[PDB]
Structure formats: structure tokens, C-alpha cells
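Source file upload.cif; content: mmCIF, C-alpha atoms.
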```
data_run
#
loop_
_atom_site.label_atom_id
_atom_site.label_comp_id
_atom_site.auth_asym_id
_atom_site.auth_seq_id
_atom_site.Cartn_x
_atom_site.Cartn_y
_atom_site.Cartn_z
CA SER A 1532 115.08 95.49 78.66
CA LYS A 1533 115.30 99.19 79.70
CA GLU A 1534 118.41 101.34 80.17
CA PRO A 1535 119.45 104.39 82.22
CA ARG A 1536 119.49 107.61 80.20
CA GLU A 1537 122.83 109.44 80.39
CA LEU A 1538 122.75 113.07 81.53
CA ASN A 1539 125.29 115.82 80.87
CA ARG A 1540 127.28 116.50 84.03
CA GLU A 1541 126.83 120.25 83.71
CA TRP A 1542 123.04 120.03 84.05
CA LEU A 1543 123.40 118.96 87.71
CA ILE A 1544 124.14 121.10 90.76
CA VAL A 1545 124.69 119.17 94.00
CA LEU A 1546 123.25 121.07 96.95
CA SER A 1547 123.17 119.30 100.33
CA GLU A 1548 123.25 115.96 102.13
CA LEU A 1549 120.04 113.92 102.42
CA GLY A 1550 121.46 110.74 103.95
CA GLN A 1551 124.81 109.04 104.49
CA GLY A 1552 125.56 105.41 105.18
CA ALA A 1553 127.99 102.61 104.48
CA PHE A 1554 126.32 102.33 101.06
CA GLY A 1555 127.47 105.82 100.13
CA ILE A 1556 125.88 109.27 100.18
CA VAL A 1557 122.61 110.69 98.81
CA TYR A 1558 122.51 114.43 98.08
CA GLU A 1559 119.74 116.84 97.29
CA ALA A 1560 120.46 118.48 93.92
CA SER A 1561 118.89 120.27 90.97
CA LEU A 1562 118.76 119.34 87.27
CA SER A 1563 118.58 122.13 84.68
CA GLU A 1564 118.02 120.57 81.30
CA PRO A 1565 118.20 123.30 78.63
CA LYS A 1566 114.79 124.75 77.63
CA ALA A 1567 113.16 122.74 80.48
CA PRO A 1568 112.27 124.02 83.97
CA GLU A 1569 114.72 123.40 86.79
CA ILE A 1570 113.68 120.48 89.03
CA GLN A 1571 114.79 119.17 92.40
CA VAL A 1572 116.35 115.68 92.33
CA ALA A 1573 118.32 113.34 94.56
CA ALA A 1574 121.84 112.28 93.52
CA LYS A 1575 123.32 109.05 94.91
CA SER A 1576 127.09 108.56 94.78
CA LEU A 1577 129.94 106.53 96.27
CA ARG A 1578 132.02 106.99 99.38
CA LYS A 1579 135.20 108.98 98.78
CA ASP A 1580 136.91 105.67 99.64
CA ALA A 1581 136.48 104.18 96.19
CA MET A 1582 136.58 100.65 94.82
CA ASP A 1583 135.62 99.55 91.30
CA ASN A 1584 133.37 96.74 92.52
CA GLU A 1585 131.34 99.46 94.27
CA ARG A 1586 131.03 101.46 91.04
CA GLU A 1587 129.62 98.35 89.35
CA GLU A 1588 127.11 97.69 92.15
CA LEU A 1589 125.86 101.26 91.84
CA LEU A 1590 125.48 100.89 88.07
CA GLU A 1591 123.66 97.61 88.63
CA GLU A 1592 121.33 99.37 91.08
CA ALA A 1593 120.55 101.93 88.36
CA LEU A 1594 119.82 99.23 85.76
CA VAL A 1595 117.37 97.51 88.12
CA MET A 1596 115.67 100.85 88.79
CA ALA A 1597 115.44 101.67 85.07
CA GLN A 1598 113.05 98.73 84.61
CA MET A 1599 110.54 100.29 87.06
CA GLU A 1600 107.97 102.84 85.91
CA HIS A 1601 105.31 102.96 88.59
CA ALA A 1602 103.66 105.60 90.76
CA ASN A 1603 104.75 103.78 93.97
CA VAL A 1604 108.46 103.24 93.13
CA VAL A 1605 111.01 106.10 93.35
CA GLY A 1606 111.78 106.93 89.72
CA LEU A 1607 115.15 106.87 87.97
CA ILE A 1608 115.84 110.09 86.08
CA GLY A 1609 119.26 109.13 84.71
CA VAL A 1610 122.95 108.61 85.37
CA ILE A 1611 126.17 110.60 85.09
CA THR A 1612 128.93 108.15 84.11
CA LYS A 1613 131.35 110.22 81.97
CA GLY A 1614 133.96 111.65 84.32
CA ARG A 1615 134.03 111.44 88.12
CA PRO A 1616 132.22 111.39 90.54
CA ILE A 1617 129.48 109.12 89.23
CA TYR A 1618 125.89 110.07 90.05
CA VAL A 1619 122.61 108.16 89.93
CA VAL A 1620 119.88 110.81 89.65
CA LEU A 1621 116.52 109.86 91.20
CA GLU A 1622 113.13 111.41 91.86
CA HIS A 1623 113.13 113.81 94.81
CA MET A 1624 110.79 112.93 97.71
CA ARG A 1625 110.10 116.14 99.60
CA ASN A 1626 108.51 114.62 102.73
CA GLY A 1627 111.18 112.10 103.69
CA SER A 1628 110.80 108.62 105.07
CA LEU A 1629 107.50 106.99 105.98
CA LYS A 1630 109.07 106.06 109.34
CA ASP A 1631 109.90 109.63 110.40
CA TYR A 1632 106.50 110.88 109.28
CA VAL A 1633 104.36 108.45 111.28
CA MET A 1634 106.61 108.88 114.33
CA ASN A 1635 106.39 112.69 114.35
CA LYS A 1636 103.12 113.74 112.68
CA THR A 1637 99.43 113.22 113.29
CA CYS A 1638 98.00 110.83 110.67
CA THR A 1639 94.41 109.67 110.10
CA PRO A 1640 93.18 106.08 109.70
CA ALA A 1641 92.45 106.68 105.99
CA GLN A 1642 96.03 107.79 105.44
CA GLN A 1643 97.38 104.71 107.23
CA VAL A 1644 95.46 102.29 105.01
CA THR A 1645 96.24 104.15 101.74
CA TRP A 1646 99.99 104.24 102.44
CA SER A 1647 99.78 100.49 103.11
CA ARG A 1648 98.02 99.86 99.78
CA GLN A 1649 100.44 102.11 97.92
CA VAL A 1650 103.49 100.19 99.14
CA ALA A 1651 101.84 96.87 98.24
CA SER A 1652 101.21 98.28 94.75
CA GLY A 1653 104.85 99.19 94.32
CA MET A 1654 106.09 95.81 95.58
CA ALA A 1655 103.60 94.02 93.29
CA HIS A 1656 105.14 95.85 90.32
CA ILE A 1657 108.69 94.97 91.45
CA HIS A 1658 107.75 91.28 91.70
CA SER A 1659 105.95 91.41 88.34
CA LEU A 1660 109.28 92.38 86.74
CA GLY A 1661 111.16 89.42 88.21
CA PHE A 1662 112.93 91.03 91.19
CA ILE A 1663 112.87 90.79 94.98
CA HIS A 1664 113.73 93.69 97.27
CA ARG A 1665 115.20 91.86 100.31
CA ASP A 1666 115.27 95.02 102.48
CA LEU A 1667 111.72 96.37 102.97
CA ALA A 1668 111.00 98.51 106.10
CA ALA A 1669 109.33 101.84 106.84
CA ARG A 1670 112.68 103.70 106.81
CA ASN A 1671 113.12 102.53 103.18
CA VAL A 1672 109.80 103.96 101.90
CA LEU A 1673 109.70 107.67 100.99
CA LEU A 1674 106.82 110.20 100.75
CA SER A 1675 106.39 112.66 97.85
CA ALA A 1676 104.99 116.23 98.08
CA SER A 1677 101.49 114.73 97.73
CA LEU A 1678 102.30 112.20 100.51
CA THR A 1679 102.30 109.32 98.00
CA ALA A 1680 104.32 106.37 99.40
CA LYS A 1681 107.07 104.96 97.16
CA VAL A 1682 109.55 102.09 97.56
CA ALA A 1683 113.21 103.19 97.54
CA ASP A 1684 116.69 101.72 98.13
CA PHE A 1685 117.37 98.88 95.68
CA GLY A 1686 120.90 98.26 97.00
CA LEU A 1687 120.12 94.63 97.87
CA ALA A 1688 117.50 93.80 95.22
CA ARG A 1689 118.16 90.74 93.04
CA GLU A 1690 116.56 88.94 90.11
CA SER A 1691 114.12 86.34 91.41
CA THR A 1692 115.24 83.67 88.94
CA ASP A 1693 118.57 83.18 90.78
CA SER A 1699 123.41 88.04 102.58
CA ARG A 1700 124.82 91.30 103.99
CA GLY A 1701 126.37 90.06 107.23
CA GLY A 1702 126.17 91.48 110.75
CA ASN A 1703 123.69 94.08 109.45
CA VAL A 1704 120.81 91.62 108.90
CA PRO A 1705 117.60 93.47 109.87
CA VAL A 1706 116.43 90.58 112.07
CA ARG A 1707 113.16 92.26 113.07
CA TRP A 1708 111.95 92.36 109.42
CA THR A 1709 113.24 88.95 108.22
CA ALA A 1710 111.13 85.81 107.84
CA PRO A 1711 112.24 82.69 109.79
CA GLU A 1712 113.18 80.75 106.65
CA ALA A 1713 115.45 83.59 105.48
CA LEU A 1714 117.25 83.81 108.82
CA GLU A 1715 117.80 80.05 109.21
CA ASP A 1716 118.05 78.72 105.63
CA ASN A 1717 118.97 81.95 103.76
CA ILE A 1718 115.92 81.46 101.52
CA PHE A 1719 114.90 84.90 100.22
CA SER A 1720 111.87 85.09 97.96
CA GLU A 1721 108.73 87.02 97.10
CA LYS A 1722 107.20 85.65 100.30
CA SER A 1723 109.96 86.95 102.57
CA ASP A 1724 109.30 90.41 101.00
CA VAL A 1725 105.67 89.82 102.05
CA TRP A 1726 106.68 89.01 105.67
CA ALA A 1727 108.69 92.25 105.77
CA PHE A 1728 105.67 94.21 104.49
CA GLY A 1729 103.66 92.86 107.43
CA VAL A 1730 106.25 94.35 109.77
CA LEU A 1731 106.08 97.65 107.86
CA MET A 1732 102.32 97.74 108.43
CA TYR A 1733 102.96 97.22 112.16
CA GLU A 1734 105.30 100.26 112.08
CA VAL A 1735 102.64 102.36 110.34
CA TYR A 1736 100.19 101.67 113.20
CA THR A 1737 102.60 102.23 116.12
CA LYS A 1738 104.84 105.09 117.15
CA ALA A 1739 107.80 103.18 118.64
CA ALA A 1740 111.11 103.06 116.79
CA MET A 1741 111.59 99.28 116.86
CA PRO A 1742 109.18 96.37 116.40
CA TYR A 1743 109.47 93.85 119.24
CA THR A 1744 110.35 96.68 121.59
CA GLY A 1745 112.13 95.45 124.69
CA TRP A 1746 113.70 92.41 122.95
CA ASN A 1747 117.16 92.13 121.43
CA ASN A 1748 117.85 90.52 118.06
CA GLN A 1749 118.56 86.99 119.32
CA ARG A 1750 115.47 87.05 121.52
CA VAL A 1751 113.40 88.12 118.49
CA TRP A 1752 114.69 85.24 116.36
CA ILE A 1753 114.14 82.54 118.97
CA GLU A 1754 110.66 83.79 119.89
CA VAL A 1755 109.52 84.18 116.27
CA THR A 1756 110.80 80.81 115.05
CA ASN A 1757 108.93 79.24 117.99
CA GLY A 1758 105.65 80.88 116.92
CA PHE A 1759 105.42 84.26 118.66
CA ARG A 1760 103.71 86.97 116.59
CA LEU A 1761 103.18 90.66 117.34
CA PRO A 1762 99.68 91.44 118.71
CA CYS A 1763 97.23 93.99 117.35
CA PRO A 1764 98.21 97.64 118.03
CA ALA A 1765 95.56 99.47 120.05
CA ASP A 1766 94.90 101.94 117.22
CA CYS A 1767 94.81 99.36 114.38
CA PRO A 1768 91.42 98.33 112.92
CA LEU A 1769 90.67 94.63 113.26
CA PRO A 1770 90.25 94.03 109.47
CA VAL A 1771 93.67 95.63 108.88
CA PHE A 1772 95.38 93.46 111.51
CA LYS A 1773 93.83 90.42 109.83
CA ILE A 1774 95.73 91.27 106.63
CA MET A 1775 98.90 92.05 108.62
CA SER A 1776 98.66 88.63 110.30
CA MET A 1777 98.53 86.66 107.02
CA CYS A 1778 101.92 88.07 105.98
CA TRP A 1779 103.44 86.19 108.96
CA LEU A 1780 102.14 82.67 108.41
CA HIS A 1781 104.91 80.19 109.21
CA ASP A 1782 104.55 78.36 105.88
CA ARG A 1783 105.66 80.83 103.22
CA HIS A 1784 103.52 79.18 100.54
CA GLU A 1785 100.37 80.11 102.50
CA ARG A 1786 101.27 83.82 102.66
CA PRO A 1787 99.36 85.98 100.16
CA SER A 1788 100.95 87.56 97.12
CA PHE A 1789 101.31 91.32 96.81
CA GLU A 1790 98.58 91.23 94.13
CA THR A 1791 96.14 89.77 96.68
CA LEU A 1792 97.29 92.27 99.34
CA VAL A 1793 96.69 95.27 97.04
CA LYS A 1794 93.13 94.04 96.45
CA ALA A 1795 92.31 93.37 100.11
CA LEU A 1796 93.73 96.77 101.12
CA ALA A 1797 91.93 98.55 98.26
CA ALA A 1798 88.61 97.19 99.53
CA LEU A 1799 89.22 98.76 102.96
CA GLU A 1800 90.53 102.00 101.44
CA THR A 1801 86.95 102.82 100.36
CA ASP A 1802 85.41 101.33 103.53
CA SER A 1803 83.54 103.73 105.82
CA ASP A 1804 84.24 101.74 109.02
#
```
Let me see the structure of the file written as C-alpha cells.
Amino acid sequence: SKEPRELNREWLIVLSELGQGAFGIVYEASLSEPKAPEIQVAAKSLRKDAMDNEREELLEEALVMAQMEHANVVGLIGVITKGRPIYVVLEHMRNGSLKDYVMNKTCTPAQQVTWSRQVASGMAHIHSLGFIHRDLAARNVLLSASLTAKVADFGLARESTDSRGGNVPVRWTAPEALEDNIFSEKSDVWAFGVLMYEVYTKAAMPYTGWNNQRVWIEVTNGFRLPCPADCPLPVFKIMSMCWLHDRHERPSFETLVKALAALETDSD
């Protein structure tokens, strides 16, 4: 329904690396549209090792992102497709990943619950447009200058109406998606539960001390992570519902937003 707006290549100045991976490379940049103020942006491009199926995946990523217009989803500013290299220009998120922040900064209980509700709000919007993310984790949520949390990285997102390989993030994946390859709105919900666990701990990996095969066997047999010492009991209740074995009993993101919003203005 929506479409990426094309931007003149000469408006963009690429400045410095924000993050590199197998996916490609994200740069910090600036966009100087004539008669408008200069703004910081992020520019995502392809590995120097090109392949035309990778150009198409990047353009598909942009089209998915162009459908989103929400305060808790990283915004699409436009694309540069005439010429080479190709750039997808996105909103710049000054404060980096949610993961790095909670690991390295002091955060209050009211911040922890608001960030949780903000991510649920962004995922609710994604689902309400007919998509599933399939890759949610705290390293994939970014923080703006106002410390507003926003869902990023749509590399693996797919229309709901319809995996990677040895890179499967086992610690964030629901049992049914590991065993039967069934990805759905309710496996996104399971992953959000694990994200909440990350928000309330300061370790790098959930299930610390277990490898990936140990995690899978333990979780399919009914193990669940216990309540972090610094997590309020009403919050852990919500976290726990995201991990019910039967996916149909897990709440929707619309329900999660509401439950979290009630605690967000709770004094206790």
C-alpha cells in the first residue's frame, strides 16, 4: 500500500560505521535536503561482495518498512536506487541498542517497564499490518535521543498470510518454531518474553551457563527462566505468560500493551 520515497544521491553524506554483519553494513550519515535543515540518519547498504538477490532482499526490507509509521518502529526516510551503491536511509537512533544500554547504564524500575510497553506497542503495530518479525531480541531494539525504544532490523520479517540456518537464535525461539518451523505472531510473543528477561538482568545471554542444545532440550521439556531478583512480581507474571507451552494461550501484543500500560502508572 505504501512505497519508499526516492532521494537524490547528492543529498547524502556517509560518515562512519554503526554496525557490520553478514547482512551488510549500516553507516551513520547526514541528509541535506535543499531548504531543509541537515539531519543525522543511518544508511544501510550491501556487502562489497554483491549479488542481485541481495539487492532485491534489501529493497523488500525497505518496502516492508515503508508500511510502518509508528513511534516505536525505526522510521524509513527513503531509498537511493539510481546508481550504485544502493542505500536504505532510516531514522538515526542516537543511544544505540537497548541491550548495550541496560548492560552498561543505571536504569530505574519505571524506565524498565516503559521500554517494555514501548516495544509491545511497536510489535502490536507490526502485527496489525500483517507481518511477523521472526528475530526479536534486545540487541535488535534501538533507543532514540529521548530514550524511546523502537523495533529495528526487518531483515527476516515476512507477511503473516504465508529459516536462516546455523544462526538460529535458539535462546529467543519458541519450541514449536525450533521443532516444527512454525513461526507466527505467538512466536514473536515468546521472543518478547525473553527480551523482557534481558531488560531485568545484566548478563549477556539468557540461560547463562547452558549451550544451545541444552537450552532446547530443557525448554521443550518444560523448564522456564525464574524471576530475576530485581524484577517486580507483577512484571514477571506478564513475562511468564509469553512462554506458555500452547501458543494459542499466549497473549496478543494488544493485550500485553494494556497490561504493561496499567503498571506503567502504578506506584508500587
**Report entry** Exercise: residue 1803 in chain A partners within 12 Å, only C-alpha atoms, chain neighbours under 6 positions left out, as a ChimeraX atom specification
**Finding:** /A:1640-1641,1768
Write out, as a PDB file, in the frame of the given file, the residues just selected, with C-alpha atoms.
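Done, and the output landed in again.pdb:
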```
ATOM      1  CA  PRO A1640      93.180 106.080 109.700  1.00  0.00           C
ATOM      2  CA  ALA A1641      92.450 106.680 105.990  1.00  0.00           C
ATOM      3  CA  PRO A1768      91.420  98.330 112.920  1.00  0.00           C
TER       4      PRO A1768
END
```
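Nearest residue to residue 1738 in chain A, choosing from A:1709, A:1612, A:1637, A:1699 and counting all atoms listed in the file: A:1637.
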Report task. Name every residue that the PyMOL selection byres ((chain A and resi 1601-1611) around 7) selects in this structure, writing the answer as a PyMOL selection string with chains first and numbers rising. Result -> chain A and resi 1535-1540+1596-1597+1599-1600+1612-1613+1617-1622+1649-1650+1652-1653+1680-1683
Report task. Tell me, as a PyMOL selection string, which residues lie within 8 Å of residue 1710 in chain A, counting only C-alpha atoms; anything in the same chain fewer than 5 positions away does not count. Result -> chain A and resi 1723+1726-1727+1779
Query raised in the report: What is the distance between CA of residue 1666 in chain A and CA of residue 1728 in chain A, in Å to one decimal?
Result: 9.8 Å
Query - Minimum-distance residue to residue 1643 in chain A, chosen among A:1678, A:1542, A:1746, A:1780 (using all atoms listed in the file) - result: A:1678
**Report entry** Neighbour residues at most 12 Å from (92.7, 95.3, 101.3) (all atoms listed in the file) as an MDAnalysis selection string
**Finding:** chainID A and resid 1644:1649 1651:1652 1770:1775 1777 1787 1789:1802
Explicit residue set for the PyMOL selection byres ((chain A and resi 1731) around 10), as a CSV table (one decimal) with C-alpha atoms, in the frame of the given file:
```csv
chain,number,residue,atom,x,y,z
A,1629,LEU,CA,107.5,107.0,106.0
A,1630,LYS,CA,109.1,106.1,109.3
A,1647,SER,CA,99.8,100.5,103.1
A,1650,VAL,CA,103.5,100.2,99.1
A,1667,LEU,CA,111.7,96.4,103.0
A,1668,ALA,CA,111.0,98.5,106.1
A,1669,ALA,CA,109.3,101.8,106.8
A,1670,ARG,CA,112.7,103.7,106.8
A,1671,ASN,CA,113.1,102.5,103.2
A,1672,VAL,CA,109.8,104.0,101.9
A,1708,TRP,CA,112.0,92.4,109.4
A,1725,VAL,CA,105.7,89.8,102.0
A,1726,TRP,CA,106.7,89.0,105.7
A,1727,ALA,CA,108.7,92.2,105.8
A,1728,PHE,CA,105.7,94.2,104.5
A,1729,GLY,CA,103.7,92.9,107.4
A,1730,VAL,CA,106.2,94.4,109.8
A,1732,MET,CA,102.3,97.7,108.4
A,1733,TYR,CA,103.0,97.2,112.2
A,1734,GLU,CA,105.3,100.3,112.1
A,1735,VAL,CA,102.6,102.4,110.3
A,1736,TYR,CA,100.2,101.7,113.2
A,1742,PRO,CA,109.2,96.4,116.4
A,1775,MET,CA,98.9,92.0,108.6
```
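Put simply, the PyMOL selection byres ((chain A and resi 1565) around 12) in this file takes in residues 1538, 1539, 1541, 1542, 1543, 1562, 1563, 1564, 1566, 1567, 1568, 1569 and 1570 of chain A.
Pairwise distance (CA of residue 1685 in chain A, CA of residue 1559 in chain A) equals 18.2 Å.
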Can I get a file of range 1616-1627 of chain A from the given structure, N, CA, C and O atoms kept, as an mmCIF file, in the first residue's frame?
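Writing the result to out-v9.cif gives the following:
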```cif
data_model
loop_
_atom_site.group_PDB
_atom_site.id
_atom_site.type_symbol
_atom_site.label_atom_id
_atom_site.label_comp_id
_atom_site.auth_asym_id
_atom_site.auth_seq_id
_atom_site.Cartn_x
_atom_site.Cartn_y
_atom_site.Cartn_z
ATOM 1 N N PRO A 1616 26.611 2.814 -4.885
ATOM 2 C CA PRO A 1616 25.842 1.811 -4.118
ATOM 3 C C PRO A 1616 24.395 2.190 -3.851
ATOM 4 O O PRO A 1616 23.991 3.334 -4.013
ATOM 5 N N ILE A 1617 23.590 1.216 -3.461
ATOM 6 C CA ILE A 1617 22.209 1.453 -3.061
ATOM 7 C C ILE A 1617 22.186 1.701 -1.560
ATOM 8 O O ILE A 1617 22.946 1.085 -0.803
ATOM 9 N N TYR A 1618 21.335 2.623 -1.125
ATOM 10 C CA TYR A 1618 21.219 2.964 0.286
ATOM 11 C C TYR A 1618 19.755 2.946 0.697
ATOM 12 O O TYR A 1618 18.893 3.466 -0.025
ATOM 13 N N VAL A 1619 19.480 2.328 1.848
ATOM 14 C CA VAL A 1619 18.209 2.492 2.549
ATOM 15 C C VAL A 1619 18.457 3.429 3.726
ATOM 16 O O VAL A 1619 19.249 3.112 4.623
ATOM 17 N N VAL A 1620 17.782 4.581 3.724
ATOM 18 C CA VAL A 1620 18.017 5.657 4.686
ATOM 19 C C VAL A 1620 16.952 5.589 5.775
ATOM 20 O O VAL A 1620 15.753 5.722 5.496
ATOM 21 N N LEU A 1621 17.388 5.402 7.022
ATOM 22 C CA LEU A 1621 16.500 5.180 8.157
ATOM 23 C C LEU A 1621 16.714 6.243 9.227
ATOM 24 O O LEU A 1621 17.726 6.947 9.244
ATOM 25 N N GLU A 1622 15.757 6.313 10.151
ATOM 26 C CA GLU A 1622 15.872 7.191 11.308
ATOM 27 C C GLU A 1622 17.119 6.846 12.122
ATOM 28 O O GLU A 1622 17.459 5.669 12.319
ATOM 29 N N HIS A 1623 17.802 7.883 12.596
ATOM 30 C CA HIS A 1623 19.008 7.721 13.400
ATOM 31 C C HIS A 1623 18.640 7.627 14.873
ATOM 32 O O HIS A 1623 17.835 8.423 15.369
ATOM 33 N N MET A 1624 19.244 6.665 15.575
ATOM 34 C CA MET A 1624 18.902 6.330 16.963
ATOM 35 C C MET A 1624 20.145 6.571 17.812
ATOM 36 O O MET A 1624 20.999 5.687 17.948
ATOM 37 N N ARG A 1625 20.226 7.768 18.395
ATOM 38 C CA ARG A 1625 21.478 8.250 18.975
ATOM 39 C C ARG A 1625 22.012 7.344 20.087
ATOM 40 O O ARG A 1625 23.231 7.241 20.263
ATOM 41 N N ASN A 1626 21.141 6.680 20.847
ATOM 42 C CA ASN A 1626 21.575 5.998 22.068
ATOM 43 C C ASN A 1626 21.802 4.493 21.893
ATOM 44 O O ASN A 1626 22.026 3.784 22.886
ATOM 45 N N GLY A 1627 21.770 3.986 20.662
ATOM 46 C CA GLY A 1627 22.221 2.632 20.428
ATOM 47 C C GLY A 1627 21.206 1.587 20.856
ATOM 48 O O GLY A 1627 20.005 1.850 21.009
#
```
